[PDB]
Amino acid sequence: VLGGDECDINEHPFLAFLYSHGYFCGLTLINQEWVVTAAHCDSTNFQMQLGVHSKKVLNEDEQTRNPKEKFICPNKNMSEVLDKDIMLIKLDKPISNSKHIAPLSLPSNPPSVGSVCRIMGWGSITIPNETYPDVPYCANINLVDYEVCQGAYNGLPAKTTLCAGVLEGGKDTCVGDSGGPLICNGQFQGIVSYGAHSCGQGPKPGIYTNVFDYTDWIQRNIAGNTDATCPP
């Protein structure tokens with residue numbers, strides 16, 4: 001993240017951690033059993049770290065889990081990078097709410113453009129470089145036009161995408177923030193997916209998986225409709 005502050009511990013207990021060779025992707029806890037993230041973030045053999053705050057100091061209660069099950073959109077293009085960039089992860093063992101661990105509630109209404117939302121993660125903190133933080137970082141952005149996504153990125157973003165950024169630039173996600181949350185009013189709204197290098201460019205906002213378009217599919221799976229698919 002760029003143009004922001006180290007994150008407060010009260011605001012990232014939903015953020016999970018994907019590691020095997022090292023660091024792969026951020027994640028979000030939606031409840032004691034289930035974690036969410038981007039399809040693009042699938043690695044073949046990986047694990048979960050819940051409630052990580054500072055590299056320099058491990059708080060009394062990190063939690064390590066494995067992927068019992070995973071799900072991707074059934075109607076998805078297997079090759080095309082960005083279409084339906086979403087994946088659930090059933091943890092092999094349920095997790096409890098403590099200081100450093102707590103779920104994020106799902107969207108009931110979608111975010112009306114021009115709202116002020118919060119991005120976060122362990123990605124690069126800089127415009128050009130790879131400078132990695134010790135605690136996650138936070139920043140306020142706005143939700144913007146679907147034309148300012150299509151004006152910025154000559155490849156058509158999915159009808160199932162959120163567009164956020166700071167019009168004039170200066171606050172954006174970065175290399176390694178993929179699969180992180182975009183939170184608006186206590187509610188989880190978008191999933192970090194792609195943007196541009198360098199981060200923070202004027203009229204070049206970031207692209208997120210429109211969590212609200214798949215909240216039905218999220219729940220369908222969570223109830224047991226393995227057949228169920230996402231809206232094209």
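Nothing fancy with the numbering, it's 1 onward along the sequence. Side chains are part of it too, since the values below use all heavy atoms of this structure and drop only hydrogens, waters and symmetry mates.
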Please assess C199 against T173 for the test side chain to side chain contact (heavy atoms under 4.5 Å, CB included), listing each intermediate value before the final yes or no. CA-CA 7 Å; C199 323; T173 59; over 6 Å; no
Is there a donor-acceptor contact under 3.5 Å linking the side chains of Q63 and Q49? no
Take atom CD in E60; do more than 12 heavy atoms of anything else shown fall under 6.0 Å from it? no
What is the minimum heavy-atom distance between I141 and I119, and which atoms define it? CD1-CG2, 3.6 Å
Heavy-atom side-chain contact between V35 and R65 under 4.5 Å: no
More than 12 heavy atoms of other groups within 6.0 Å of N97 CG: yes
Measure the CD-CG distance between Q187 and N109 for me, rounded to the nearest 0.5 Å. 5.5 Å
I183 side chain near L104 side chain, heavy-atom distance below 4.5 Å: yes
Let me confirm one number: the SG-CG distance from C117 to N140, rounded to the nearest 0.5 Å. 9.0 Å
Flag the pair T28 / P181 as yes when at least one side-chain heavy-atom distance between them is below 4.5 Å, and no otherwise. yes
Can you tell me if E168 uses its side chain to pair, donor with acceptor, with the backbone of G170 under 3.5 Å? no
Using the rule that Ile, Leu, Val, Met, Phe, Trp and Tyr join whenever any side-chain heavy atoms are under 4.5 Å apart, tell me whether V144 and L82 fall into a single cluster. no
Regarding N210 and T161, is there a side-chain donor-to-acceptor distance under 3.5 Å anywhere? no
Mind checking whether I89 and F46 have side chains closer than 4.5 Å, heavy atoms only? yes
Contact between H100 and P13 at the side-chain level, heavy atoms closer than 4.5 Å - yes or no? no
Return yes if some donor-acceptor pair links the side-chain N/O of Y153 with the main-chain N/O of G195 below 3.5 Å, else return no. yes
Consider only side-chain heavy atoms of I, L, V, M, F, W and Y, link residues closer than 4.5 Å, and tell whether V52 and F14 are in one cluster. yes
Would a distance-only check, ignoring hydrogens and angles, find a side-chain to backbone donor-acceptor pair under 3.5 Å from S124 to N129? yes
Supply the atom-to-atom distance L29 CG to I101 CD1, rounded to the nearest 0.5 angstrom. 9.0 Å
Between CZ of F188 and CD1 of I191, what distance do you get to the nearest 0.5 Å? 4.5 Å
Which atom of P74 lies closest to which atom of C230, heavy atoms considered: CD-SG, 4.2 Å
What's the verdict on side chain to side chain contact (heavy atoms under 4.5 Å, CB included) for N66 and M48, showing C-alpha distance, side-chain angles and the deciding distance? CA-CA 6 Å; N66 283 344; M48 260 111 300; over 6 Å; no
According to the interplanar angle, ranging from 0 to 90°, do the rings of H21 and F24 count as parallel (below 30°), tilted (30 to 60°) or perpendicular (above 60°)? perpendicular
Okay, side chain of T229, backbone of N75: is any donor-acceptor separation there less than 3.5 Å? yes
Between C174 and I125, does the side chain to side chain contact (heavy atoms under 4.5 Å, CB included) criterion hold? Intermediate values first, please. CA-CA 7 Å; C174 278; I125 261 141; over 6 Å; no
Is it true that a side-chain atom of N59 and a backbone atom of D61 form a donor plus acceptor pair closer than 3.5 Å? no
Show, in sequence, the C-alpha distance, side-chain angles and deciding distance for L15 and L27, and conclude whether the side chain to side chain contact (heavy atoms under 4.5 Å, CB included) test is met. CA-CA 5 Å; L15 232 206; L27 281 189; 5.6 Å; no
State whether the side chain of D134 and the backbone N or O of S54 hold a donor-acceptor pair below 3.5 Å, judged by distance alone. no
Would a hydrophobic clustering, with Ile, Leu, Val, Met, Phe, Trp and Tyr connected at side-chain separations under 4.5 Å, put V36 with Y19? yes
Check this for me: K204, atom NZ, are more than 12 non-hydrogen atoms of other residues, nucleotides or ligands nearer than 6.0 Å? no
Evaluate the side-chain proximity of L50 to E62: yes if any heavy-atom separation is below 4.5 Å, no if none is. no
Is there a side-chain contact between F212 and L106 (heavy atoms, below 4.5 Å)? no
Tell me, yes or no, whether the heavy-atom count around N77 atom CG, taken from other residues, nucleotides or ligands under 6.0 Å, exceeds 12. yes
Could you check whether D85 and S193, counting side-chain N and O atoms only, form a donor-acceptor pair closer than 3.5 Å? yes
Considering only NZ, NE, NH1 and NH2 on the basic side and carboxylate oxygens on the acidic side, decide whether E11 and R118 come within less than 4.0 Å. yes
Between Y23 (side chain) and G26 (backbone), is there a donor-acceptor pair under 3.5 Å? yes
Nearest heavy atoms of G186 and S105, plus distance in Å: O-OG, 4.0 Å
Backbone N or O of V148 within a donor-acceptor pair of the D145 side chain at under 3.5 Å? no
Under a 3.5 Å threshold, yes or no: a donor from one side chain and an acceptor from the other, between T160 and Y214? yes
Can you tell me if CD1 on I72 sees more than 12 non-hydrogen neighbours from other groups inside 6.0 Å? no
Intermediate values then yes/no, side chain to side chain donor-acceptor pair (under 3.5 Å), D227 and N225: CA-CA 5 Å; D227 339 65; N225 193 189; 2.2 Å; yes
Check whether any side-chain heavy atom of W34 sits under 4.5 Å from a side-chain heavy atom of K90, and report yes or no. yes
State the SG-CD1 distance between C149 and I207, to the nearest 0.5 angstrom. 4.0 Å
Side chain to side chain donor-acceptor pair (under 3.5 Å) partner of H53, chosen from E6, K99, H12: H12
Closest heavy-atom pair, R220 versus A228, reported as atoms and distance to 0.1 Å, is NE-CB, 3.4 Å
Atom pair CG (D172) and CG (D177), whose distance is rounded to the nearest 0.5 Å: 9.0 Å
On a heavy-atom basis, which atom in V135 and which in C7 lie closest, and how many Å separate them? CG2-N, 4.5 Å
Assign the ring pair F17 / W122 to parallel, tilted or perpendicular, where the plane angle (0 to 90°) is split at 30° and 60°. perpendicular
Does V113 share a hydrophobic cluster with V116, counting links as ILVMFWY side-chain heavy atoms below 4.5 Å and allowing steps through other members? no
Whether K68 side chain and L91 backbone form a donor-acceptor pair below 3.5 Å: no
Closest contact, heavy atoms only, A139 versus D5: N-OD1, 4.3 Å
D42 bridged to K70 by N-O distance under 4.0 Å: yes
Any link between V192 and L162 through a network of hydrophobic side chains (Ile, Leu, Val, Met, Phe, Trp, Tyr) touching at under 4.5 Å? yes
